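J.: Experimental structure and sequence below, a few questions after.
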Amino acid sequence: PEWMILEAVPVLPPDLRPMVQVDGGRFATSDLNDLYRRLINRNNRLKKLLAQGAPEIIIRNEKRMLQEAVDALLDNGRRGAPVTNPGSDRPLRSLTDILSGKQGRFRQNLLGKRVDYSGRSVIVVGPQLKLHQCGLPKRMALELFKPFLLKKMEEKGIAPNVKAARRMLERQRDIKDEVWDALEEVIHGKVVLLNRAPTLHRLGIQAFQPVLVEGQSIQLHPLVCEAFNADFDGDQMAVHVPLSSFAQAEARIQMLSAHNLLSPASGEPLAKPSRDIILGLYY
Amino acid sequence: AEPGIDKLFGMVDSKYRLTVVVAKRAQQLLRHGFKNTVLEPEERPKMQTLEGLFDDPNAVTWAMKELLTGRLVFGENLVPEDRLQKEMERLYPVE
Amino acid sequence: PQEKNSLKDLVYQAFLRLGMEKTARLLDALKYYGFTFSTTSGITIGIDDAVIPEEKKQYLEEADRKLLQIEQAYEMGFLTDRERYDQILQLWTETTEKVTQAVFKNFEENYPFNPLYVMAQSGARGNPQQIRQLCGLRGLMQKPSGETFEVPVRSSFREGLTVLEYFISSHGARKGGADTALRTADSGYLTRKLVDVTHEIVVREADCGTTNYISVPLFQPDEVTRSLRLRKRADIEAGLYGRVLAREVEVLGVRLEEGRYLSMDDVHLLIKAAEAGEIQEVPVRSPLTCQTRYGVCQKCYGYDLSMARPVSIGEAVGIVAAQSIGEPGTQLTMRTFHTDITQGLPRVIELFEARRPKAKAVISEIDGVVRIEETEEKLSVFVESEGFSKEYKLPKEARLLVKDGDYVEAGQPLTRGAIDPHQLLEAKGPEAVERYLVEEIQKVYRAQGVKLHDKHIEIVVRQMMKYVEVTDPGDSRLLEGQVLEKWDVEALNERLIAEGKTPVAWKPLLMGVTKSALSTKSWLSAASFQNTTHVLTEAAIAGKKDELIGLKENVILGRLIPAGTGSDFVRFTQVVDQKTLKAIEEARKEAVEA
Amino acid sequence: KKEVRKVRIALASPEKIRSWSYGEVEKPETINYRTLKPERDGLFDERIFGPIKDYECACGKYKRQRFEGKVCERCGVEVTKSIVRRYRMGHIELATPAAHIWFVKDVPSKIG
Amino acid sequence: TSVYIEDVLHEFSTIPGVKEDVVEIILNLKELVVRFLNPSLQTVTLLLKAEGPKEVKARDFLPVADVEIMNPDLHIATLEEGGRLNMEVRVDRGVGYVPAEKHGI
Amino acid sequence: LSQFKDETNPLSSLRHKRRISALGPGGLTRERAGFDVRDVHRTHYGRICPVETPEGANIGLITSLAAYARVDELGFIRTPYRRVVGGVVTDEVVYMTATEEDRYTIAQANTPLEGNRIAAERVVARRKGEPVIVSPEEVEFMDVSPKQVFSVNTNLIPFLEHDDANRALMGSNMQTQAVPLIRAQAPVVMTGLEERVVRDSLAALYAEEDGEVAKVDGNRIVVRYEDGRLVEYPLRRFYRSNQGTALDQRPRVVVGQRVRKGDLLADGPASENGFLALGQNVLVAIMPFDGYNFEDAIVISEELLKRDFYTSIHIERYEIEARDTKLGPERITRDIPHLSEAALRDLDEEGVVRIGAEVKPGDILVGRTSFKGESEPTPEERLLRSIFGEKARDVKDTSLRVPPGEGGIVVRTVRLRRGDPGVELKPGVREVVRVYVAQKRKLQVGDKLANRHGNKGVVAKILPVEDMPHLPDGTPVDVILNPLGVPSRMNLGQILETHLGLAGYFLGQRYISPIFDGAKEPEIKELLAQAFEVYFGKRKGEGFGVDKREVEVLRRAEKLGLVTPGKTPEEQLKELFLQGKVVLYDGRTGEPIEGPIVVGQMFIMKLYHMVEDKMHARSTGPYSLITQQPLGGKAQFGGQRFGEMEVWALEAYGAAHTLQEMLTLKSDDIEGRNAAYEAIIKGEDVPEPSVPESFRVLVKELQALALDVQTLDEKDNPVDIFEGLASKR
DNA sequence: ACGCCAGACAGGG
RNA sequence: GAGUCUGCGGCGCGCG
DNA sequence: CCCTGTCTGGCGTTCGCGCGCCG
Ligand SMILES: CNC(=O)[C@@H](C)[C@H]1C(=O)/C(=C(O)/C=C/C(C)=C/[C@@H](C)[C@H]2O[C@@]3(C)O[C@H](C=C[C@@]34CO4)[C@@H]2C)C(=O)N1[C@@H]1CC[C@H](O)[C@H](C)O1
Ligand SMILES: Nc1ncnc2c1ncn2[C@@H]1O[C@H](COP(=O)(O)CP(=O)(O)OP(=O)(O)O)[C@@H](O)[C@H]1O
Ligand SMILES: [Mg+2]
Ligand SMILES: [Mg+2]
Ligand SMILES: [Zn+2]
Ligand SMILES: [Zn+2]
């Protein structure tokens, strides 16, 4: 417990709180700096105040400001709220803030929020599609399975090397029809995942066999429209790709749609005939 | 759906174990050479631009096709962790 | 005719009888023909198709005139300002329900193949209350505050919903718009709090040997004062479906063995038996009484994996549970909060969060008998014995139904309404609370259409009581709240392995899901919700070594999950080829020197 | 190469502050406009925090990967890219003590 | 299948002295129904140029030997004054619907 | 408070001009205070629409004002009310304050009136937010019009009287999203304000005073008024809307025409004939198809595409700037240093792309050359250059390219060089280069459309005219809407429009049904009756009667209860037609569709295609500078978020590696993602996860604060997360 | 604005 | 034998 | 000095995506 007192203030790294070139010469640095300067100035000005001559009132008054400063970087708002000069009456994001809440830092880790091999478009029913598969735009597939395709290009005569294969696709007017054959081949038995707007249950995400199609829309099977609460008035679903042979394994063995027919909630199925089918089978 | 997933499910003690197996199998299928298979002859894996899947399309699609048969063996500790990769490299050539 | 239920059931059966993938084929088959037949059937909404009943004009008029009588009854001075209002509402509440069965009765008898009707009867689209607003009439729409308007909405959507009846209907839509969106974030939150405590729970086991099971009740006590009744087929199924019998039970003739996973058909057997009167409870392994401190076993969880066979070890049941509870909420938490039959999300929050409800009911701390007094100011319900009574102050607003004369067990309703967990625990014990929470929780969900398995509610509630207080120390001082099983550890080795029986006398503590997550052992998981500020302060002071178990904490690290494939049970599993098995044996044979 | 099985938060010993510390930020010198380079010892100096350059050093005596782990005889620069710059910590020696608000204003004052 | 106004570069331009815009005109050309008499005519380019205060109808196209226009009175455009319109409209024999993007003539 | 004007289409703009917002100065209303404010209070009458509010977290907080609502002296929305002294209604109006309105007994406009005389003893009036049946003698004031109770934006709904407030909201909102189609048709059924909208809005161009027309250019209509004056009226040819919609004024007046004061000279971006027009009238069969219209999917006939019926022009303004770096100014020239001439064709004008050039994704729109390193050259790149040709341009290729998604044809270009006329060039910015591109959006499967009532949905399948539902007469339907989406939601108004629409088709006329006073079920039955003769009358004379098909459906129809048994098929089809439904043949089989199916003209608009529609798929790309998580922007789409909600989903499953992958190889493992890529390039098996930067950054942040966070081993001992950069020196 | 938990202090024997 | 640097916090709105 | 009660002090309140703006 003798450490609860601060006589040494750790400074956060330089790049983390970015000193960057904005526009025309504008410079943006993380708020933490403003708070750090505060502390630094206070402490220095104190040392000098003690060394100059120390009139009681002024030494305390400063140590006071000092104290508050030290609070500033740690936690802002627990006692008063520091502000950047006349521009934004905003609380300088203190260490505490950075760590707590909704879009904080403890939340950025926990929820890990941005996948490298991701995609998202509008969904559209695909009536002939089987639970096993889903309709994924080829155009979308191309970017999604780019690396997987680059190699495949070299295994065939479409391209000499990777970098070659890259430039070959940098423009849309340059794609030989041979490339689609390559991609169609690359995705042979791989599967991708689909995500719905609010991911409420485990079925909120499912794995399907991509069947490359033309256009912008993504063809989703009708029976799974019940798992993901999704109609087709424009709902959009995201899509991910399992990179390791392991990830793909689990994804097509335990996360695929067709294998998760019953709901974890109830022993009831979630692949029951919906609004349209029942009407047909009734009549 | 997929080939006899039920059959496969029943072959293991825990769902999530089957996945492990299939995955590890698909792993060694590629690494030590893709011909490290136990059922290639008469009826085997196949794609249709040609009948070219016989060589290297999907790894685990084979694994399951194998496990569905009764040739492979999956234990909690069947063969000493390091000596397996050694004996495997010695007997399977393709690199 | 094939309804969504008849088909629902066909899927289910198909699943169990023929196999998974084969069922999948069936699904598509239905999918295709139902889609094709639909087109050809030529079912289409015509403004006309919505068919208004001829009785609509009668029932409206009959209720119209009756409204007059109530008015004349008030214009004289007979009915108090209130009585008038509550009486009018009653009139419409019934009249509207009358038009309801009327519309349907019309379709049922005259138009069996009505596009709108057929969609509502087939599990397709449509609701009884909705059809009512097109052919019958949407009659009562509350004012801004909550007091329903005295004037109904005589029109339907078929005919012109007038200028003003629309504006009056807007209030409810705005409130709905505002309430519905408030339920959505309150539900996700609840699921964050539900996950915050049950994330660590995972199936990793060997049949836990502590056979202390949960007894699933088939009959419920007070619907009407006291009449024993067969619980509903659904609720009972929710409790015993795919469970594991803790002990052997011989009922109607067959021999239900121990550990056997009861199928839906078995759960059907028991009911039929209960019908005949051979069984009042059911021994079953439940998460409510598992020994595995962190995690639950195969026999106590049950059946339901996404697959219909026993639960596969390594399945994140904690989350699986937490989810099955958070989804139905979003759907029923909106109506249940909105209304007589059911109070919702606010209650589901008051439930998972142990706390003191709106209308409280003084429970009987003593179990003897009840009796009541007459004096002016405050009434009083006493649980007494010729030795002592537990005085219960019941002010003016509360209504008591226990009477001058008979018995009242500990924690029994002495007042009418809601009960406080802490008090029931103290009076009737833990076993009772758990059981109360569970069923009191399902009440809400059942009353709104969702059918979730008891399993899930159990998983969580358990964690609600994963903690306890201490009153007879040994290693660390008395007032302390610590993990129940961690005391079972201390107590077990301080009496069995090392001598000197220092009984570690504890007290069951009921803590709300939120509080349990707030205060758990690891801090990493606590650093997530409550106060990262606090959580860490203490965890620091006391160099706390976060042993990584549980998915929350182990996820932050970016490390493999302690459950699943990371499941210590299957992380390690090797595969062999008979060709490599003999080659390995050839390596053992080469071991014989010279 | 080991598996991370337990994490643990513990209070900071002034000596530990310094131990994680590389260099000491003693002056409020962000970056001087003429050259977008760190001013002095300040908040962004490269010693205290890290290589403003890839594998290359300061003056350029040693510039590639062959000698990746040695420091420059006339200038102290060991290198990998500039990640070392973002992982290193610095400490500020406060004159007269001050306390953690995290321990003082928490409803239960851990200190009170 | 294609059109070329002499001073126009893109499809979204407007020609002075001409009320209609290139888009409205190209549209009205889709309405033009021509009828050739034999396979030898796979691709025929109809030429037309009109100036001044005159209405440009489809019969204003200079006649071609084996091709006939059954849509004469179709309104191509309204020319004001100093209205200079000189275009070449391609015509082909095919089947179904082909987006202007698919062929790109 | 001040925002981008939303000008998807004129009505959108207009609506965004008058909507009342709560959030603002902050002094007034904040964001999480509101359940009492968010409610539609009593006084909101004629002052604030109770419908125009948004769907989502910020709800009830923002709302456009009402019809005649007018702010008097001090911010009080007053509403028009006409005076009625005694049983006498006047044509006199009093814009009354919210407060004064409570002092009187006001009545509704639907009250039977002979002129100034109330017509029924027991007639409706509303005291103070309370419905009261008053007598003609107490009626002190009456409402101006049902319209005043609502907003402009809502007023535009055909039969608003038959739709549920919730789906109605989606209605009024959708209109604000309408995109101007080159082809603009007015609804077959209107309400009465379509005209007023394009007029008070500044869509069309009206004639000031009476006169004649001189010149009618595609760019100007110089009119000559009778006062001896003549004005040249330029027309915004093709301008860029904020939201990238085309704004063009198409002259509707011929040369030399005596124009009446206030008559359309030109039509606005979306007007047909001085009428508000968005999306287009289209014949629709309201039946179920395979699954193409399952929950809310829409089946479209390829026929709508043949004739550009759903076509929209979209202009996007890509822009590039020549920045001044201390390494060397970034020049703008035709020279793209490394590989081909084939990519330089469209870049005809040295540097700039040539106008009227088809630009596909990945083509150079503008070329730019900056410098390769930060301050030093490259030892490894120095040898490569020398081997094939040391003399290589050190300049790096930083040229504005067509971002993935779509480009069209280059319509306009803007270049602002050194000696600036009266332009404001930002500092450092040497010069800027604007590139407007436009493209025809032929209605495709990805797009979404919806009718004014609330039926929203996306196109699932473009059926060939060859086999979709066709009418007795060869006339085939254009869209097929799923019936199931109508019972649940409550909006019979759509089914009422279809029927009225049906009559208008064969009767060849448009209508205007007011808000609550519009058309009635009997009257529409009437017009339909008139339609049966146009439909079946010509059929009688053209030479033929009824089909075996038409007769069988009749049998199944009477067995149903749609036609009285015993009457002639001619008489029965009429009865059935009056019901709003006719017989339809499959088109694929030629057989009829057992049972009459309604059909009619329904007004359906296309919703604006945001960069949210034009899909985002990412392989690899940039990364954040402080957090090492993937992010895009300009040309690299940027990764999707995996949120805790989703983490749990994987958590539930036994997907350990899949989750590990998500937190490591895919987003934060700096060394992992690198080796991962390379491994995949080779056809290798991705390496095992290194620690994520978010963790590391977390640790150090926690370290910035006193707290010491140290990882440990099996036995409580260290382990190292920062691989070797934390050790000192 | 709210709701909820947990808290520290002050009043009545 | 290719790799840097920018996109942040907040606000408004709109979709599911 | 004890127990009880009252205002008091701190935290939390879905998820994801688009667009556009601004120091
Ligand atoms: C757990 N909570 C409960 O269910 C009960 C207990 C309790 C509660 O905790 C409530 C609230 O916390 C309400 C918060 C409000 C009005 C939030 C706004 C800011 C919301 O507005 C919008 C704009 O944004 C968000 C979400 C949706 C919104 C509406 O669109 C946002 C959240 C609540 O309604 N209760 C009722 C009240 C009446 C009475 O006192 C009764 C006893 O208890
Ligand atoms: N604020 C919000 N948060 C989360 N999801 C939302 C949302 N608003 C809309 N949605 C999602 O999209 C759907 C929109 O809700 P609705 O479709 O109106 C519900 P509903 O009760 O199913 O109406 P319906 O059955 O008549 O179609 C929901 O199922 C929800 O998942
Ligand atoms: Mg939807
Ligand atoms: Mg819905
Ligand atoms: Zn157990
Ligand atoms: Zn050096």
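T.: Yep, it's here. Numbers count the residues shown, from 1 in each chain, chains lettered A, B, ... in the order given. Ligands and ions are numbered 1, 2, ... in the order given.
J.: residue closest to the middle of chain A?
T.: Closest to where the C-alpha atoms of chain A average out (C-alpha atoms, centre = their mean) is residue A:114, at 2.2 Å.
J.: Over to chain C?
T.: By C-alpha atoms, centre = their mean, the mean C-alpha position of chain C lies nearest to residue C:442, the distance being 3.2 Å.
J.: need the helices for chain B, in chain order.
T.: For chain B, the helices defined by DSSP state H cover B:5-11, B:15-31, B:59-67, B:83-91.
J.: how about the ones you listed in JSON lines, adding distance to residue F:439 and mean neighbour count?
T.: (Each C-beta comes from the backbone N, C-alpha and C, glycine too.) Shown next, in JSON lines, are the helices of chain B (distance: least, C-beta to C-beta, whole Å; neighbours: other C-beta atoms under 10 Å in any protein chain shown):
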{"stretch": "helix B:5-11", "distance to residue F:439": "46", "mean neighbour count": "17"}
{"stretch": "helix B:15-31", "distance to residue F:439": "44", "mean neighbour count": "24"}
{"stretch": "helix B:59-67", "distance to residue F:439": "41", "mean neighbour count": "23"}
{"stretch": "helix B:83-91", "distance to residue F:439": "56", "mean neighbour count": "15"}
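J.: Format those helices as JSON lines; extra columns: distance to chain F.
T.: Shown next, in JSON lines, are those (distance: least, C-beta to the nearest C-beta, whole Å):
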{"stretch": "helix B:5-11", "distance to chain F": "13"}
{"stretch": "helix B:15-31", "distance to chain F": "3"}
{"stretch": "helix B:59-67", "distance to chain F": "10"}
{"stretch": "helix B:83-91", "distance to chain F": "14"}
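J.: Which residues of chain D lie near DNA strand I?
T.: Residues of chain D lying close to DNA strand I by C-beta under 7 Å from any atom of the strand are D:105-107.
J.: who wins for neighbours among those residues?
T.: Taking other C-beta atoms under 10 Å in any protein chain shown as the neighbour criterion, residue D:106 ranks highest of these with 19 neighbours.
J.: and it, how far is that from ligand 2?
T.: 34 Å (C-beta to the nearest ligand atom, to the nearest Å).
J.: Now do the contacts for that residue.
T.: C:531, C:533-534, C:537 (C-beta atoms under 8 Å, 6 or more residues apart in numbering or on different chains).
J.: Out of those residues, which are close to DNA strand I?
T.: Among the contacts of residue D:106, proximity to DNA strand I is found for C:531, C:533-534 (C-beta under 7 Å from any atom of the strand).
J.: And those residues, which is closest to chain F?
T.: residue C:533 (10.5 Å; C-beta to the nearest C-beta).
J.: count of residues packed around the nearest residue to the closest one once chain neighbours are set aside?
T.: In space, and not counting its chain neighbours, residue C:533 is closest to residue D:102: 5.2 Å by C-beta to C-beta, 6 or more residues apart in numbering or on different chains. For residue D:102, the neighbour count with other C-beta under 10 Å is 26.
J.: Correct me if wrong: residue D:102 contacts residue C:532.
T.: No. Using C-beta atoms under 8 Å, residue D:102 is not in contact with residue C:532; the gap is 9.3 Å.
J.: quick one: common contacting residues for those two?
T.: Residues touching both residue D:102 and residue C:532 (C-beta under 8 Å, 6+ apart): residue A:96.
J.: can the longest helix along chain D be found next to chain A?
T.: Once chain D is assigned using DSSP H, the helix that runs over the most residues is helix D:14-20. Yes. Contact of helix D:14-20 with chain A (C-beta under 8 Å from any C-beta of the partner chain) involves D:14, D:17-18, D:20.
J.: ok, which stretches of chain D are helices?
T.: Along chain D, counting by DSSP H, helices occupy D:14-20, D:83-87, D:101-104.
J.: How far away from the center of its chain is the strand ranked longest in chain D?
T.: Counting residues, the longest strand found in chain D (DSSP state E) is strand D:90-99. In terms of C-alpha atoms, centre = their mean, to the nearest Å, the centre of strand D:90-99 is found 16 Å from the chain centre.
J.: Okay, now the sheet partners of that strand, with direction.
T.: Take DSSP bridges as the rule and strand D:90-99 pairs in its sheet with strand A:5-11 (antiparallel).
J.: From the chain's centroid, how far away is the partner strand?
T.: So, by C-alpha atoms, centre = their mean, the centroid of strand A:5-11 is 34 Å from its chain's centroid.
J.: quick one: residue A:282 and chain E, what's the gap?
T.: Distance, residue A:282 to chain E, by C-beta to the nearest C-beta, to the nearest Å: 38 Å.
J.: List the contacts of the closest residue to that residue other than its chain neighbours.
T.: Of all residues not flanking residue A:282 in the chain, residue C:122 sits nearest, at 4.0 Å (C-beta to C-beta, 6+ apart). Shown in contact with residue C:122 (C-beta under 8 Å, 6+ apart): A:278-279, A:281-282, C:1-4.
J.: mind listing which of the residues you listed are in helices?
T.: The helices, defined by DSSP H, take in A:278-279, A:281-282, C:4 from the contacts of residue C:122.
J.: So residue F:575 belongs to a strand, correct?
T.: No. Counting by DSSP: H, G, I helix; E, B strand; the rest coil, residue F:575 is not part of a strand but helix.
J.: what about it, neighbour count?
T.: 14.
J.: Same check on the one 3 residues further on?
T.: Burial of residue F:578 is recorded as 18 neighbouring residues (other C-beta under 10 Å).
J.: from memory it sits against residue F:535, does it?
T.: No. Taking contacts as C-beta under 8 Å, residue F:578 lies outside contact range of residue F:535: 11.6 Å.
J.: The residue in the stretch 201-350 of chain F that chain E sits nearest to - nearest residue in space that isn't next to it in sequence?
T.: Proximity of the stretch 201-350 of chain F to chain E (C-beta to the nearest C-beta) peaks at residue F:218, 4.0 Å away. With C-beta to C-beta, 6+ apart as the criterion, residue F:218 has its nearest non-adjacent residue at 4.0 Å, and that residue is residue E:14.
J.: ok, the one you found touching residue F:237?
T.: Yes. Between residue E:14 and residue F:237 a contact is recorded at 5.3 Å, counting by C-beta under 8 Å.
J.: Settle it for me: which of these two has more neighbours?
T.: Set residue E:14 next to residue F:237 and count neighbours by other C-beta under 10 Å: residue E:14 wins out with 20 against 17.
J.: Which parts of the chain are strands?
T.: I went with chain A, as the question did not name one. Ranges of strands within chain A are A:5-11, A:20-21, A:27-28, A:118-125, A:133-134, A:192-195, A:205-210, A:218-220, A:236-240, based on DSSP E.
J.: That was the other one, I meant chain E.
T.: E:2-5, E:34-36, E:43-51, E:55-57, E:67-69, E:75-78, E:84-92.
J.: Cool, thanks, signing off.
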